[PDB]
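Before any questions on binding or motion, here is one chain by itself as structure tokens, the form deposited in one PDB entry.
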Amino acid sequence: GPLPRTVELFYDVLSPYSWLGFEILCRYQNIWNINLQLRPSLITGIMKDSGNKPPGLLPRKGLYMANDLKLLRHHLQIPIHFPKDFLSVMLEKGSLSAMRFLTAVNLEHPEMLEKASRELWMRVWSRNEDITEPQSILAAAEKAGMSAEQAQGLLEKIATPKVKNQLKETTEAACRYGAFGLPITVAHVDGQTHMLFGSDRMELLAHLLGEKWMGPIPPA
């Protein structure tokens, strides 16, 4: 047994596939020999930088995504639900405030970041709730186990230079790694760096790390 391998996960709670990748890595983070670093990012920034556009906007792709996630819900046991209203609506509302809030968490209480992220996804991608209003974010944060005082204080820092710059810098790191969308997983292993896109490269990751893939729901 050697030292743990650092694995960076860049994600945005706006992204349904980011949630799937996030949960698989969280499930493996104390099974595999890895150091999982969560990297809250803005898909908006990545799209702009790369000249890419949200795949779901192409109707053939959007229809397929709804089918795919409905199956993945059961396969991965993550309560992901496609929104009742059109995707364009959720996309248009976006996730700027939520991702700024997750950034403030990472800056001050990174030990809370996994739960705060999960609770935000539970709003937008499970129960089909808003993630743009202050009250919506506070609700997710209290769900994560954050005191009201604690959550309020972080929310207050959403528009501060420190938080705004950190989110921008994390998002550009993803771009420098070659992102055109999210999630991306960056594994630093045996002296090389590998960037993997999507939630469907975790078995390949296990291979690169020399670890055993036991499916998306490993036994505890």
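Each residue number is its position in the shown sequence, starting from 1. The term rigid core refers to the maximal set of C-alpha atoms that superpose within 1.5 Å between the two forms. Only residues modelled in both forms are compared.
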Residue range whose averaged C-alpha B-factor is higher in the record, 150-158 or 65-73: 150-158
Mean C-alpha temperature factor, higher of 111-119 and 126-134: 126-134
Within-chain third of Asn33 by Cα B-factor, per the entry: middle
Lowest, middle or highest third - CA B-factor, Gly94: middle
Chain-relative CA temperature factor third for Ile184: lowest
Third of the chain, ranked by Cα B-factor, where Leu102 sits: middle
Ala173 - which third its CA temperature factor falls in, relative to the rest of the chain: middle
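There is also a form deposited in another entry; it is not shown, and the following applies to it.
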Of the candidates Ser88, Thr132, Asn128, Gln77, the only Cα that travels 2 Å or more between this form and the one not shown, given a rigid-core fit: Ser88
Consecutive stretches, 3 or more residues long, displaced between this form and the one not shown (C-alpha shift of at least 2 Å once the core is aligned): 84-91
